[PDB]
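The structure file query.cif is reproduced below (mmCIF, C-alpha atoms).
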```cif
data_protein
loop_
_atom_site.group_PDB
_atom_site.id
_atom_site.type_symbol
_atom_site.label_atom_id
_atom_site.label_comp_id
_atom_site.auth_asym_id
_atom_site.auth_seq_id
_atom_site.Cartn_x
_atom_site.Cartn_y
_atom_site.Cartn_z
ATOM 1 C CA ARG H 1 152.335 -48.044 186.860
ATOM 2 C CA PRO H 2 154.537 -45.562 184.997
ATOM 3 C CA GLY H 3 153.209 -41.959 185.031
ATOM 4 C CA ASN H 4 156.069 -39.442 184.963
ATOM 5 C CA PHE H 5 157.965 -39.362 181.725
ATOM 6 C CA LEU H 6 160.567 -36.733 182.399
ATOM 7 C CA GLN H 7 163.273 -37.439 179.833
ATOM 8 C CA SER H 8 166.634 -35.803 179.610
ATOM 9 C CA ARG H 9 169.502 -35.859 177.168
ATOM 10 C CA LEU H 10 172.873 -36.514 178.733
ATOM 11 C CA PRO N 1 144.210 -28.295 168.167
ATOM 12 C CA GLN N 2 144.104 -26.957 171.704
ATOM 13 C CA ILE N 3 144.691 -30.087 173.794
ATOM 14 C CA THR N 4 143.580 -29.956 177.418
ATOM 15 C CA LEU N 5 145.484 -31.909 180.054
ATOM 16 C CA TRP N 6 142.795 -33.662 182.069
ATOM 17 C CA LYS N 7 143.845 -36.821 180.222
ATOM 18 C CA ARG N 8 147.281 -37.833 178.905
ATOM 19 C CA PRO N 9 147.857 -35.970 175.631
ATOM 20 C CA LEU N 10 148.093 -39.006 173.359
ATOM 21 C CA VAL N 11 148.181 -38.597 169.612
ATOM 22 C CA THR N 12 148.603 -40.864 166.642
ATOM 23 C CA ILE N 13 151.959 -40.957 164.902
ATOM 24 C CA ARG N 14 153.294 -42.772 161.836
ATOM 25 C CA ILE N 15 156.896 -43.972 161.434
ATOM 26 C CA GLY N 16 158.259 -46.629 159.016
ATOM 27 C CA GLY N 17 154.635 -47.139 157.972
ATOM 28 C CA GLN N 18 153.641 -48.227 161.498
ATOM 29 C CA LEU N 19 150.897 -46.312 163.330
ATOM 30 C CA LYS N 20 151.488 -45.779 167.045
ATOM 31 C CA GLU N 21 150.032 -43.948 170.007
ATOM 32 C CA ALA N 22 152.409 -41.412 171.532
ATOM 33 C CA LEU N 23 152.448 -38.919 174.391
ATOM 34 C CA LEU N 24 152.994 -35.220 173.741
ATOM 35 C CA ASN N 25 155.719 -34.613 176.310
ATOM 36 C CA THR N 26 157.056 -31.147 177.173
ATOM 37 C CA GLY N 27 159.148 -32.834 179.870
ATOM 38 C CA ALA N 28 161.186 -34.760 177.260
ATOM 39 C CA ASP N 29 164.119 -33.222 175.407
ATOM 40 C CA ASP N 30 163.921 -36.019 172.844
ATOM 41 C CA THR N 31 161.564 -38.394 171.081
ATOM 42 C CA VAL N 32 161.700 -41.938 172.425
ATOM 43 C CA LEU N 33 159.793 -44.815 170.877
ATOM 44 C CA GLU N 34 159.196 -48.270 172.217
ATOM 45 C CA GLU N 35 161.297 -51.098 170.967
ATOM 46 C CA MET N 36 160.869 -51.538 167.230
ATOM 47 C CA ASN N 37 163.004 -52.206 164.200
ATOM 48 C CA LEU N 38 164.020 -49.314 161.918
ATOM 49 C CA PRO N 39 166.310 -49.409 158.922
ATOM 50 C CA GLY N 40 169.438 -47.293 159.039
ATOM 51 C CA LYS N 41 172.581 -46.536 160.900
ATOM 52 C CA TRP N 42 172.191 -45.672 164.543
ATOM 53 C CA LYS N 43 174.332 -44.593 167.488
ATOM 54 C CA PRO N 44 173.956 -45.833 171.062
ATOM 55 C CA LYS N 45 172.891 -43.287 173.646
ATOM 56 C CA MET N 46 171.920 -43.182 177.268
ATOM 57 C CA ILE N 47 169.032 -41.024 178.406
ATOM 58 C CA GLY N 48 167.783 -40.200 181.903
ATOM 59 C CA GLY N 49 164.323 -40.279 183.403
ATOM 60 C CA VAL N 50 162.818 -39.527 186.781
ATOM 61 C CA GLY N 51 164.139 -42.681 188.489
ATOM 62 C CA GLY N 52 166.699 -44.206 186.171
ATOM 63 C CA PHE N 53 168.341 -44.464 182.766
ATOM 64 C CA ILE N 54 167.705 -46.422 179.583
ATOM 65 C CA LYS N 55 169.976 -47.110 176.651
ATOM 66 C CA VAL N 56 168.539 -46.155 173.269
ATOM 67 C CA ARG N 57 169.345 -46.413 169.573
ATOM 68 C CA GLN N 58 169.563 -42.917 168.063
ATOM 69 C CA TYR N 59 168.336 -42.618 164.470
ATOM 70 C CA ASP N 60 168.867 -39.318 162.683
ATOM 71 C CA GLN N 61 166.896 -37.609 159.923
ATOM 72 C CA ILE N 62 163.920 -39.934 160.277
ATOM 73 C CA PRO N 63 160.592 -38.958 158.613
ATOM 74 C CA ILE N 64 157.807 -39.213 161.193
ATOM 75 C CA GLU N 65 154.202 -37.991 161.047
ATOM 76 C CA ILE N 66 152.657 -36.506 164.153
ATOM 77 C CA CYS N 67 148.971 -35.729 164.291
ATOM 78 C CA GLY N 68 149.077 -35.199 160.513
ATOM 79 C CA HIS N 69 152.292 -33.112 160.497
ATOM 80 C CA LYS N 70 155.060 -34.620 158.341
ATOM 81 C CA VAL N 71 158.304 -33.763 160.079
ATOM 82 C CA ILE N 72 161.917 -35.002 160.011
ATOM 83 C CA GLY N 73 164.107 -35.478 163.046
ATOM 84 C CA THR N 74 165.986 -37.620 165.479
ATOM 85 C CA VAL N 75 164.154 -40.572 166.991
ATOM 86 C CA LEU N 76 165.491 -42.714 169.846
ATOM 87 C CA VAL N 77 164.347 -46.303 170.119
ATOM 88 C CA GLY N 78 164.546 -48.190 173.416
ATOM 89 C CA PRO N 79 162.680 -49.628 176.395
ATOM 90 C CA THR N 80 160.389 -46.808 177.238
ATOM 91 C CA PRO N 81 156.961 -48.011 178.420
ATOM 92 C CA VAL N 82 155.162 -45.253 176.437
ATOM 93 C CA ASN N 83 156.029 -43.678 173.075
ATOM 94 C CA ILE N 84 157.151 -40.136 173.764
ATOM 95 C CA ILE N 85 157.074 -37.116 171.482
ATOM 96 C CA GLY N 86 159.634 -34.733 172.936
ATOM 97 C CA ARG N 87 160.621 -31.123 172.350
ATOM 98 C CA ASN N 88 162.835 -31.889 169.364
ATOM 99 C CA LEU N 89 159.604 -32.648 167.411
ATOM 100 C CA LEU N 90 157.038 -30.637 169.403
ATOM 101 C CA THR N 91 158.832 -27.557 168.125
ATOM 102 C CA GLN N 92 158.499 -28.766 164.489
ATOM 103 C CA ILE N 93 154.726 -29.055 164.737
ATOM 104 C CA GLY N 94 154.520 -25.539 166.356
ATOM 105 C CA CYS N 95 153.465 -26.817 169.753
ATOM 106 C CA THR N 96 153.263 -24.354 172.616
ATOM 107 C CA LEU N 97 152.119 -24.407 176.202
ATOM 108 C CA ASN N 98 149.405 -21.851 176.782
ATOM 109 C CA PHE N 99 147.899 -20.573 180.034
ATOM 110 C CA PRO R 1 151.699 -16.758 178.727
ATOM 111 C CA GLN R 2 152.521 -18.886 175.675
ATOM 112 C CA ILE R 3 155.696 -20.877 176.113
ATOM 113 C CA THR R 4 157.632 -22.214 173.133
ATOM 114 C CA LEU R 5 159.564 -25.453 173.527
ATOM 115 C CA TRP R 6 162.970 -24.640 172.028
ATOM 116 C CA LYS R 7 164.213 -24.707 175.617
ATOM 117 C CA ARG R 8 162.964 -26.706 178.625
ATOM 118 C CA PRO R 9 159.811 -25.030 179.936
ATOM 119 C CA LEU R 10 161.267 -24.107 183.326
ATOM 120 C CA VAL R 11 159.424 -21.565 185.376
ATOM 121 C CA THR R 12 159.722 -20.168 188.851
ATOM 122 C CA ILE R 13 157.321 -21.471 191.468
ATOM 123 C CA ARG R 14 156.628 -20.382 195.009
ATOM 124 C CA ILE R 15 155.581 -22.742 197.744
ATOM 125 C CA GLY R 16 155.388 -21.427 201.344
ATOM 126 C CA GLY R 17 157.570 -18.434 200.451
ATOM 127 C CA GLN R 18 160.247 -20.653 198.971
ATOM 128 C CA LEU R 19 161.529 -19.905 195.523
ATOM 129 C CA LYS R 20 161.992 -22.918 193.258
ATOM 130 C CA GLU R 21 162.547 -23.696 189.580
ATOM 131 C CA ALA R 22 160.334 -26.429 188.061
ATOM 132 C CA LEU R 23 159.630 -28.015 184.696
ATOM 133 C CA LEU R 24 156.205 -27.816 183.066
ATOM 134 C CA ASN R 25 155.769 -31.510 182.161
ATOM 135 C CA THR R 26 152.750 -32.673 180.072
ATOM 136 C CA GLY R 27 154.277 -36.177 180.263
ATOM 137 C CA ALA R 28 153.769 -36.393 184.044
ATOM 138 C CA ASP R 29 150.424 -37.284 185.609
ATOM 139 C CA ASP R 30 151.571 -35.873 188.939
ATOM 140 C CA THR R 31 153.663 -33.098 190.386
ATOM 141 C CA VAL R 32 156.929 -34.061 192.112
ATOM 142 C CA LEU R 33 159.382 -31.789 193.908
ATOM 143 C CA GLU R 34 162.813 -32.418 195.334
ATOM 144 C CA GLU R 35 163.192 -33.205 199.041
ATOM 145 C CA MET R 36 161.595 -30.529 201.214
ATOM 146 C CA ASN R 37 159.487 -30.175 204.301
ATOM 147 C CA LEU R 38 155.780 -29.754 203.738
ATOM 148 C CA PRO R 39 153.033 -29.501 206.360
ATOM 149 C CA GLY R 40 150.276 -32.063 206.781
ATOM 150 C CA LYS R 41 149.895 -35.822 206.592
ATOM 151 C CA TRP R 42 151.411 -37.889 203.767
ATOM 152 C CA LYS R 43 151.438 -41.404 202.274
ATOM 153 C CA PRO R 44 154.188 -43.205 200.294
ATOM 154 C CA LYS R 45 153.823 -43.565 196.525
ATOM 155 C CA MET R 46 155.896 -45.046 193.744
ATOM 156 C CA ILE R 47 156.371 -43.040 190.552
ATOM 157 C CA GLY R 48 158.412 -43.722 187.450
ATOM 158 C CA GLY R 49 158.599 -43.367 183.706
ATOM 159 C CA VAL R 50 161.731 -43.700 181.703
ATOM 160 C CA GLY R 51 163.783 -46.309 183.624
ATOM 161 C CA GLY R 52 163.164 -47.387 187.222
ATOM 162 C CA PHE R 53 160.837 -45.942 189.873
ATOM 163 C CA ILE R 54 161.395 -43.752 192.904
ATOM 164 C CA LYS R 55 159.537 -43.733 196.217
ATOM 165 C CA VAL R 56 158.015 -40.356 197.103
ATOM 166 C CA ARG R 57 155.767 -38.806 199.759
ATOM 167 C CA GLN R 58 152.294 -37.529 198.815
ATOM 168 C CA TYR R 59 151.067 -34.293 200.458
ATOM 169 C CA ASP R 60 147.670 -32.702 199.712
ATOM 170 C CA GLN R 61 146.241 -29.156 199.556
ATOM 171 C CA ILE R 62 149.616 -27.634 198.972
ATOM 172 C CA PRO R 63 149.426 -24.161 197.444
ATOM 173 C CA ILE R 64 151.875 -23.362 194.713
ATOM 174 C CA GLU R 65 152.253 -20.171 192.812
ATOM 175 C CA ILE R 66 153.179 -21.042 189.270
ATOM 176 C CA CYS R 67 154.104 -18.192 186.957
ATOM 177 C CA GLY R 68 151.608 -15.922 188.766
ATOM 178 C CA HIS R 69 148.831 -18.489 189.218
ATOM 179 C CA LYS R 70 148.058 -19.563 192.784
ATOM 180 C CA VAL R 71 146.785 -23.143 192.743
ATOM 181 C CA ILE R 72 146.236 -25.828 195.370
ATOM 182 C CA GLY R 73 146.646 -29.560 194.939
ATOM 183 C CA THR R 74 148.584 -32.747 195.451
ATOM 184 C CA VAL R 75 152.358 -32.539 195.619
ATOM 185 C CA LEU R 76 154.775 -35.479 195.693
ATOM 186 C CA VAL R 77 158.130 -35.065 197.348
ATOM 187 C CA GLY R 78 161.101 -37.265 196.740
ATOM 188 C CA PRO R 79 164.498 -37.669 195.109
ATOM 189 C CA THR R 80 163.483 -36.446 191.646
ATOM 190 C CA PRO R 81 166.441 -35.086 189.628
ATOM 191 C CA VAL R 82 164.241 -32.175 188.491
ATOM 192 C CA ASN R 83 161.222 -30.336 189.999
ATOM 193 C CA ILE R 84 158.233 -31.271 187.894
ATOM 194 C CA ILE R 85 154.806 -29.700 187.534
ATOM 195 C CA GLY R 86 152.545 -32.409 186.171
ATOM 196 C CA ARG R 87 149.033 -32.458 184.774
ATOM 197 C CA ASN R 88 147.325 -32.392 188.149
ATOM 198 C CA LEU R 89 148.411 -28.750 188.534
ATOM 199 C CA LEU R 90 148.806 -27.769 184.857
ATOM 200 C CA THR R 91 145.046 -28.283 184.455
ATOM 201 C CA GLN R 92 144.450 -26.010 187.478
ATOM 202 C CA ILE R 93 146.263 -23.098 185.869
ATOM 203 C CA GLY R 94 144.270 -23.570 182.624
ATOM 204 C CA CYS R 95 147.282 -24.895 180.693
ATOM 205 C CA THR R 96 146.819 -26.445 177.198
ATOM 206 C CA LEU R 97 149.057 -27.718 174.425
ATOM 207 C CA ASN R 98 148.381 -25.686 171.278
ATOM 208 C CA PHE R 99 149.380 -26.214 167.641
#
```

Target encoding structure tokens, full file:
Amino acid sequence: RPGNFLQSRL
Amino acid sequence: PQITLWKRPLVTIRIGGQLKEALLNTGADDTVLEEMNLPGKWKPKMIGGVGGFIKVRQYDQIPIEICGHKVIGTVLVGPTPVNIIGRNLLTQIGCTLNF
Amino acid sequence: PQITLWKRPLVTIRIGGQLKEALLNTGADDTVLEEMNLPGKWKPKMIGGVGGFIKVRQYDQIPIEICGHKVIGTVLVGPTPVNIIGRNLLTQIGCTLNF
């Protein structure tokens, strides 16, 4: 179950 | 509003005339929407998450409405499991973290 | 404080007299820190979001000082690319999203 939506540009 | 964080901060957004639920995400640099079709030119991009990477379609200068705020910015479209409103748009609606 | 989102909301945290940078992440249910030793019992957990999952260890009653606020709660430890303060602790420091 997805719960950590860290998102980073590269 | 002042949105508390006991629950996921989910708001309603509108893009291409589609209404969607999306997560207000201070941990995202960018705005990433679940797979959908959008008219326009796009560029491929790779983004990183906590345990992997997904490829996205980058659309620029897209009108998107967030919790009633009509803004314009970059939207990425790809296989995220949750629509994410990231800092590129959180800043346009004046969103801050307060404690 | 009130933290704008033009930059990543990184703050200093202290945990057992160890100085660490971490990201205030409204898009994370849970708090996850890079590999470290913590006292007490733990259980394995999967977490993920954008892209695949990672296996972490769950420790409880771990005090963290976040930007001056001493709080105590659940801390996951594992190979996260970034230290992440999620909603479980953000709520404890009284944090809201405001616009």

Give as a PDB file with C-alpha atoms, in the frame of the given file each residue that has an atom at most 12 Å from (164.1, -44.1, 188.6) in the file, counting all atoms listed in the file.
```
ATOM      1  CA  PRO H   2     154.537 -45.562 184.997  1.00  0.00           C
ATOM      2  CA  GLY H   3     153.209 -41.959 185.031  1.00  0.00           C
ATOM      3  CA  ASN H   4     156.069 -39.442 184.963  1.00  0.00           C
ATOM      4  CA  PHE H   5     157.965 -39.362 181.725  1.00  0.00           C
ATOM      5  CA  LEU H   6     160.567 -36.733 182.399  1.00  0.00           C
ATOM      6  CA  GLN H   7     163.273 -37.439 179.833  1.00  0.00           C
TER       7      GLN H   7
ATOM      8  CA  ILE N  47     169.032 -41.024 178.406  1.00  0.00           C
ATOM      9  CA  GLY N  48     167.783 -40.200 181.903  1.00  0.00           C
ATOM     10  CA  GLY N  49     164.323 -40.279 183.403  1.00  0.00           C
ATOM     11  CA  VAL N  50     162.818 -39.527 186.781  1.00  0.00           C
ATOM     12  CA  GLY N  51     164.139 -42.681 188.489  1.00  0.00           C
ATOM     13  CA  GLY N  52     166.699 -44.206 186.171  1.00  0.00           C
ATOM     14  CA  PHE N  53     168.341 -44.464 182.766  1.00  0.00           C
ATOM     15  CA  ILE N  54     167.705 -46.422 179.583  1.00  0.00           C
TER      16      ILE N  54
ATOM     17  CA  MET R  46     155.896 -45.046 193.744  1.00  0.00           C
ATOM     18  CA  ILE R  47     156.371 -43.040 190.552  1.00  0.00           C
ATOM     19  CA  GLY R  48     158.412 -43.722 187.450  1.00  0.00           C
ATOM     20  CA  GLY R  49     158.599 -43.367 183.706  1.00  0.00           C
ATOM     21  CA  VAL R  50     161.731 -43.700 181.703  1.00  0.00           C
ATOM     22  CA  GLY R  51     163.783 -46.309 183.624  1.00  0.00           C
ATOM     23  CA  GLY R  52     163.164 -47.387 187.222  1.00  0.00           C
ATOM     24  CA  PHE R  53     160.837 -45.942 189.873  1.00  0.00           C
ATOM     25  CA  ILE R  54     161.395 -43.752 192.904  1.00  0.00           C
ATOM     26  CA  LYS R  55     159.537 -43.733 196.217  1.00  0.00           C
ATOM     27  CA  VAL R  56     158.015 -40.356 197.103  1.00  0.00           C
ATOM     28  CA  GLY R  78     161.101 -37.265 196.740  1.00  0.00           C
ATOM     29  CA  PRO R  79     164.498 -37.669 195.109  1.00  0.00           C
ATOM     30  CA  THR R  80     163.483 -36.446 191.646  1.00  0.00           C
ATOM     31  CA  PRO R  81     166.441 -35.086 189.628  1.00  0.00           C
ATOM     32  CA  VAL R  82     164.241 -32.175 188.491  1.00  0.00           C
TER      33      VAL R  82
END
```

Check: which chain R residues lie within 12 Å of chain N using only C-alpha atoms, as a PyMOL selection string: chain R and resi 1-10+22-34+46-56+66-69+78-99

Length of the atom CA of residue 74 of chain R to atom CA of residue 1 of chain H vector [Å]: 17.9 Å

Output of the PyMOL selection byres ((chain R and resi 72) around 8), listed as a JSON list (two decimals) with C-alpha atoms, keeping the file's coordinate frame:
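Resulting contents of out09.json:
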```json
[["chain", "number", "residue", "atom", "x", "y", "z"],
["R", 61, "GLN", "CA", 146.24, -29.16, 199.56],
["R", 62, "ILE", "CA", 149.62, -27.63, 198.97],
["R", 63, "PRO", "CA", 149.43, -24.16, 197.44],
["R", 64, "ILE", "CA", 151.88, -23.36, 194.71],
["R", 70, "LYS", "CA", 148.06, -19.56, 192.78],
["R", 71, "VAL", "CA", 146.78, -23.14, 192.74],
["R", 73, "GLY", "CA", 146.65, -29.56, 194.94],
["R", 74, "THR", "CA", 148.58, -32.75, 195.45],
["R", 89, "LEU", "CA", 148.41, -28.75, 188.53]]
```

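Comparing N:57, N:14, N:77, N:45 by their smallest distance to chain H, the closest is N:45 (using all atoms listed in the file).
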
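Between atom CA of residue 8 of chain H and atom CA of residue 15 of chain N there is a distance of 22.2 Å.
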
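Taking atom CA of residue 21 of chain R and atom CA of residue 60 of chain R as endpoints, the distance between them is 20.1 Å.
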
Cut-off 12 Å around (178.7, -47.4, 165.2) with only C-alpha atoms: residues as JSON, numbers by chain: {"N": [40, 41, 42, 43, 44, 45, 57, 58, 59]}

Distance query residue 13 of chain N at most 6 Å, all atoms listed in the file, self and fewer than 6 positions along chain excluded, as number ranges by chain: N: 19-20, 65-66

Box time for segment 85-89 of chain N: axis-aligned, enclosing all its listed atoms, 6 Å extra on each side; report centre and edge lengths in Å to one decimal, as AutoDock Vina command-line options.
```
--center_x 160.0 --center_y -34.1 --center_z 170.2 --size_x 17.8 --size_y 18.0 --size_z 17.5
```

Could I get segment 6-31 of chain N rebuilt with N, CA, C and O atoms, written as a PDB file, in the coordinates of the input?
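Generated output (out10.pdb):
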```pdb
ATOM      1  N   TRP N   6     143.512 -32.811 181.150  1.00  0.00           N
ATOM      2  CA  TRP N   6     142.795 -33.662 182.069  1.00  0.00           C
ATOM      3  C   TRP N   6     143.122 -35.134 181.857  1.00  0.00           C
ATOM      4  O   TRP N   6     143.170 -35.903 182.825  1.00  0.00           O
ATOM      5  N   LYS N   7     143.310 -35.521 180.594  1.00  0.00           N
ATOM      6  CA  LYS N   7     143.845 -36.821 180.222  1.00  0.00           C
ATOM      7  C   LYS N   7     145.251 -36.676 179.651  1.00  0.00           C
ATOM      8  O   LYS N   7     145.656 -35.577 179.298  1.00  0.00           O
ATOM      9  N   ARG N   8     145.996 -37.775 179.596  1.00  0.00           N
ATOM     10  CA  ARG N   8     147.281 -37.833 178.905  1.00  0.00           C
ATOM     11  C   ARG N   8     147.127 -37.389 177.448  1.00  0.00           C
ATOM     12  O   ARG N   8     146.237 -37.867 176.739  1.00  0.00           O
ATOM     13  N   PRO N   9     147.970 -36.457 177.002  1.00  0.00           N
ATOM     14  CA  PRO N   9     147.857 -35.970 175.631  1.00  0.00           C
ATOM     15  C   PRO N   9     148.450 -36.949 174.605  1.00  0.00           C
ATOM     16  O   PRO N   9     149.601 -36.803 174.152  1.00  0.00           O
ATOM     17  N   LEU N  10     147.656 -37.943 174.254  1.00  0.00           N
ATOM     18  CA  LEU N  10     148.093 -39.006 173.359  1.00  0.00           C
ATOM     19  C   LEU N  10     147.613 -38.727 171.953  1.00  0.00           C
ATOM     20  O   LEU N  10     146.454 -38.392 171.738  1.00  0.00           O
ATOM     21  N   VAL N  11     148.515 -38.841 170.997  1.00  0.00           N
ATOM     22  CA  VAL N  11     148.181 -38.597 169.612  1.00  0.00           C
ATOM     23  C   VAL N  11     148.639 -39.784 168.805  1.00  0.00           C
ATOM     24  O   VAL N  11     149.381 -40.641 169.300  1.00  0.00           O
ATOM     25  N   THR N  12     148.193 -39.828 167.560  1.00  0.00           N
ATOM     26  CA  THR N  12     148.603 -40.864 166.642  1.00  0.00           C
ATOM     27  C   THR N  12     149.814 -40.374 165.852  1.00  0.00           C
ATOM     28  O   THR N  12     149.823 -39.247 165.344  1.00  0.00           O
ATOM     29  N   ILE N  13     150.818 -41.234 165.736  1.00  0.00           N
ATOM     30  CA  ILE N  13     151.959 -40.957 164.902  1.00  0.00           C
ATOM     31  C   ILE N  13     152.172 -42.080 163.891  1.00  0.00           C
ATOM     32  O   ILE N  13     151.687 -43.206 164.080  1.00  0.00           O
ATOM     33  N   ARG N  14     152.902 -41.768 162.824  1.00  0.00           N
ATOM     34  CA  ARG N  14     153.294 -42.772 161.836  1.00  0.00           C
ATOM     35  C   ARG N  14     154.796 -42.677 161.579  1.00  0.00           C
ATOM     36  O   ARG N  14     155.339 -41.575 161.336  1.00  0.00           O
ATOM     37  N   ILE N  15     155.453 -43.834 161.668  1.00  0.00           N
ATOM     38  CA  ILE N  15     156.896 -43.972 161.434  1.00  0.00           C
ATOM     39  C   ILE N  15     157.191 -45.357 160.812  1.00  0.00           C
ATOM     40  O   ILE N  15     156.659 -46.369 161.260  1.00  0.00           O
ATOM     41  N   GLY N  16     158.019 -45.394 159.769  1.00  0.00           N
ATOM     42  CA  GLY N  16     158.259 -46.629 159.016  1.00  0.00           C
ATOM     43  C   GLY N  16     156.992 -47.336 158.566  1.00  0.00           C
ATOM     44  O   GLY N  16     156.984 -48.553 158.410  1.00  0.00           O
ATOM     45  N   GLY N  17     155.919 -46.576 158.368  1.00  0.00           N
ATOM     46  CA  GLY N  17     154.635 -47.139 157.972  1.00  0.00           C
ATOM     47  C   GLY N  17     153.904 -47.875 159.084  1.00  0.00           C
ATOM     48  O   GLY N  17     152.975 -48.614 158.813  1.00  0.00           O
ATOM     49  N   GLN N  18     154.348 -47.696 160.331  1.00  0.00           N
ATOM     50  CA  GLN N  18     153.641 -48.227 161.498  1.00  0.00           C
ATOM     51  C   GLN N  18     152.931 -47.064 162.214  1.00  0.00           C
ATOM     52  O   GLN N  18     153.522 -46.008 162.433  1.00  0.00           O
ATOM     53  N   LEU N  19     151.653 -47.265 162.541  1.00  0.00           N
ATOM     54  CA  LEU N  19     150.897 -46.312 163.330  1.00  0.00           C
ATOM     55  C   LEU N  19     151.006 -46.643 164.812  1.00  0.00           C
ATOM     56  O   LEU N  19     150.767 -47.801 165.228  1.00  0.00           O
ATOM     57  N   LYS N  20     151.306 -45.618 165.609  1.00  0.00           N
ATOM     58  CA  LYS N  20     151.488 -45.779 167.045  1.00  0.00           C
ATOM     59  C   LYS N  20     150.830 -44.657 167.830  1.00  0.00           C
ATOM     60  O   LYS N  20     150.627 -43.565 167.323  1.00  0.00           O
ATOM     61  N   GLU N  21     150.488 -44.953 169.068  1.00  0.00           N
ATOM     62  CA  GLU N  21     150.032 -43.948 170.007  1.00  0.00           C
ATOM     63  C   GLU N  21     151.272 -43.375 170.690  1.00  0.00           C
ATOM     64  O   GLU N  21     152.192 -44.113 171.049  1.00  0.00           O
ATOM     65  N   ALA N  22     151.287 -42.062 170.886  1.00  0.00           N
ATOM     66  CA  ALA N  22     152.409 -41.412 171.532  1.00  0.00           C
ATOM     67  C   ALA N  22     151.961 -40.213 172.365  1.00  0.00           C
ATOM     68  O   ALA N  22     150.951 -39.566 172.074  1.00  0.00           O
ATOM     69  N   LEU N  23     152.759 -39.927 173.387  1.00  0.00           N
ATOM     70  CA  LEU N  23     152.448 -38.919 174.391  1.00  0.00           C
ATOM     71  C   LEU N  23     153.149 -37.609 174.046  1.00  0.00           C
ATOM     72  O   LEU N  23     154.380 -37.574 173.884  1.00  0.00           O
ATOM     73  N   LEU N  24     152.391 -36.538 173.934  1.00  0.00           N
ATOM     74  CA  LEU N  24     152.994 -35.220 173.741  1.00  0.00           C
ATOM     75  C   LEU N  24     153.636 -34.749 175.062  1.00  0.00           C
ATOM     76  O   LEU N  24     152.943 -34.460 176.042  1.00  0.00           O
ATOM     77  N   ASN N  25     154.967 -34.666 175.065  1.00  0.00           N
ATOM     78  CA  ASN N  25     155.719 -34.613 176.310  1.00  0.00           C
ATOM     79  C   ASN N  25     156.679 -33.412 176.385  1.00  0.00           C
ATOM     80  O   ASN N  25     157.835 -33.495 175.971  1.00  0.00           O
ATOM     81  N   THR N  26     156.214 -32.320 176.983  1.00  0.00           N
ATOM     82  CA  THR N  26     157.056 -31.147 177.173  1.00  0.00           C
ATOM     83  C   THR N  26     158.213 -31.381 178.177  1.00  0.00           C
ATOM     84  O   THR N  26     159.153 -30.566 178.277  1.00  0.00           O
ATOM     85  N   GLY N  27     158.117 -32.461 178.935  1.00  0.00           N
ATOM     86  CA  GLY N  27     159.148 -32.834 179.870  1.00  0.00           C
ATOM     87  C   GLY N  27     160.249 -33.699 179.263  1.00  0.00           C
ATOM     88  O   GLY N  27     161.129 -34.169 179.991  1.00  0.00           O
ATOM     89  N   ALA N  28     160.176 -33.958 177.961  1.00  0.00           N
ATOM     90  CA  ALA N  28     161.186 -34.760 177.260  1.00  0.00           C
ATOM     91  C   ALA N  28     161.959 -33.876 176.323  1.00  0.00           C
ATOM     92  O   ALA N  28     161.359 -33.120 175.553  1.00  0.00           O
ATOM     93  N   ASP N  29     163.293 -33.952 176.373  1.00  0.00           N
ATOM     94  CA  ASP N  29     164.119 -33.222 175.407  1.00  0.00           C
ATOM     95  C   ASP N  29     163.976 -33.881 174.027  1.00  0.00           C
ATOM     96  O   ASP N  29     164.060 -33.224 172.999  1.00  0.00           O
ATOM     97  N   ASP N  30     163.784 -35.204 174.036  1.00  0.00           N
ATOM     98  CA  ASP N  30     163.921 -36.019 172.844  1.00  0.00           C
ATOM     99  C   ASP N  30     162.681 -36.880 172.605  1.00  0.00           C
ATOM    100  O   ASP N  30     161.791 -36.975 173.454  1.00  0.00           O
ATOM    101  N   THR N  31     162.646 -37.515 171.441  1.00  0.00           N
ATOM    102  CA  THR N  31     161.564 -38.394 171.081  1.00  0.00           C
ATOM    103  C   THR N  31     162.053 -39.828 171.243  1.00  0.00           C
ATOM    104  O   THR N  31     163.083 -40.214 170.683  1.00  0.00           O
TER     105      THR N  31
END
```
